[PDB]
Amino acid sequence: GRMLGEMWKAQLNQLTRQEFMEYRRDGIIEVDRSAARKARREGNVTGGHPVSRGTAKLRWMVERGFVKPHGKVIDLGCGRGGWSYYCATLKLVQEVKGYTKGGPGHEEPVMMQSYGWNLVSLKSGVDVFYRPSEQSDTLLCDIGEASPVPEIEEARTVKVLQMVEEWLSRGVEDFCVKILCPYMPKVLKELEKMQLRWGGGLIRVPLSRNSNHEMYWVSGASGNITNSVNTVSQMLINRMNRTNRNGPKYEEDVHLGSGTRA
């Protein structure tokens, strides 16, 4: 038998494009980024606007205690830097190192002056899958590229977990790791072993789009992995089958201020 999430992916792939676009943001929470997009086009780096939607997703988890960034934070796949700049605003964070691939088709780090920007060092041109691990107090990873083929998303997710395993073995106190495809067998098998060793649990951020099944493995959660994943699959399938669509529920984006930290 298959996990319900496999069903969801098959049904997702059968939507027309118009159906898909009507579904992907139906009933999710979305922060309004109109001012942020104007800020990046105007080079406004002091207005507190996050560089991406990712900031609001990590804020959601941090304010619920699912991860408590502190000390030295390493941000794997930092992209423009939304997670890294957010952590540098936090009282217990002392240093943020972000690594991302960059180059054609990939986001380059953006230089911002949000609060605590001077604690952030972002490095492009870095393939984290071949980078030696380093010590960290907080380990973040937001990597996982979508595909219509669930076996490709499965393999991509397993590769992330095998990399994270090396970084966690350095001794990490807090973590938050994107699980792109949590319902496929090879991901479940690996995650269950890694939960046994390192703890944590899977959570679904309601800012995630209905067009993906992404969940985050976070140190400040617990709970059965199979049940957590199934709960998300049923929600996403329920939303796909309720065809009176409303678009997202809008909320306010994070304000990251400006200024250096001592």
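The first residue of the shown sequence is 1; numbering continues from there.
**Q** Identify the stretch, either 35-43 or 53-61, whose C-alpha atoms have the larger mean B-factor according to the entry.
**A** Between 53-61 and 35-43, it is 35-43 that shows the higher mean C-alpha B-factor.
**Q** Which has the higher mean CA temperature factor in the PDB entry, 146-154 or 101-109?
**A** The deposited B-factors put 101-109 ahead on the C-alpha mean.
**Q** According to the Cα B-factor stored in this entry, which of the following is highest: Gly77, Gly125, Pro182, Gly82?
**A** Answer for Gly77, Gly125, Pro182, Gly82: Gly125, with the highest C-alpha B-factor.
**Q** From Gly48, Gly223, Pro206, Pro69, pick the one with the largest CA B-factor in the entry?
**A** Checking the PDB record, the top C-alpha B-factor among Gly48, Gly223, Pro206, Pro69 is at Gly223.
**Q** Looking at the C-alpha B-factor of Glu165, is it in the lowest, middle or highest third of its chain?
**A** For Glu165, whose C-alpha B-factor we compare with every modelled residue in the chain, the answer is the middle third.
**Q** Lowest, middle or highest third: where is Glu22 by C-alpha B factor in its chain?
**A** Middle third by C-alpha B-factor.
**Q** Pull the Cα B-factor of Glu173 out of the PDB entry and bin it into the chain's lowest, middle or highest third.
**A** It belongs to the highest third of the chain when residues are ordered by C-alpha B-factor.
**Q** Where does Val73 sit by CA temperature factor within its chain: lowest, middle or highest third?
**A** Answer is highest: the recorded C-alpha B-factor places it there.
**Q** Among the chain's modelled residues, which third holds the C-alpha B-factor of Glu95?
**A** Middle third - that is where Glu95 ends up once the chain's C-alpha B-factors are sorted.
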